[PDB]
């Protein structure tokens, strides 16, 4: 899998690219602990209608592994730098997990950029631990990730995000090749640090406060925004249940909900054709209706 690379902020970032270069930009944003690989069966279905770019976040996939904190704001800075390097000033965003937090934060700061947002399994500030996920076992696992020393043993030493959380929220069983690809960036203990930092960034009960502020503001900007929105949901889902998707959608302008059926968090692995076909049709409709 040969990706494109660019130098960004003294390190490097990798990205997949496909589609016609005169079509609108479509930026695909993955989360923890995946990469642009998550979109491999989706992007080819959007290529006829969009110039598709799928970055590997810093510390993920084939991107660089600099000595940084890997906090949310680090991810935002490196993504901004790549967007500017690639000349992306107007784009559709297609986002998952921390990719949605990045998309919401980007749209709040650059309100002219977003032509439309397709999203699923998104992050929002959670008032209490009871607002995170659908079952107690997941809540307890993430409580442990956020516990000093314990989280390091689970994620740095045992690679639990890659080896347990990821396959645990895909309905089908990945092939040996697919799981080998997902674990390949994370062969060393130190390389796993980004995957430990992100669960510690989740905004739960106001902590961390800086992420809580950024995503509270970003969600308010999202509620006020007028660009088209497409929210995919699975059953039972993980961060987003079908019931919560329908209720969240009512708080937004111009947001349709697409039901994918049985799925957990990594809906791209269980429903790639449905997501790709939906996004491509949606872009085609927006482009035609906005071109008059």
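Positions refer to the first chain, counted from 1.
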**Asked** When the C-alpha temperature factors are averaged for each of 32-40 and 258-266, which stretch ends up with the higher value in the entry?
**Response** 258-266
**Asked** With respect to the recorded C-alpha B factors, which stretch has the higher mean value, 128-136 or 141-149?
**Response** 128-136
**Fill in**
For 185, 116, 199, 111, the deposited C-alpha B-factor is largest at 111
**Message:** Checking the record values for 121, 163, 77, 85, which has the greatest CA B factor?
**Reply:** 85
**Prompt:** Which third of the chain does residue 227 land in by C-alpha B-factor: lowest, middle or highest?
**Reply:** middle
**Message:** Based on the deposited C-alpha B factors for this chain, I'd like to know if residue 195 is in the lowest, middle or highest third.
**Reply:** lowest
**Request:** Could you tell me which third, lowest, middle or highest, the C-alpha B-factor of residue 106 occupies within its chain?
**Result:** lowest
**Message:** Test of reading the entry: by CA B factor among the chain's modelled residues, which third contains residue 14?
**Reply:** highest
**Item:** residue 71 - which third its CA temperature factor falls in, relative to the rest of the chain
**Value:** middle
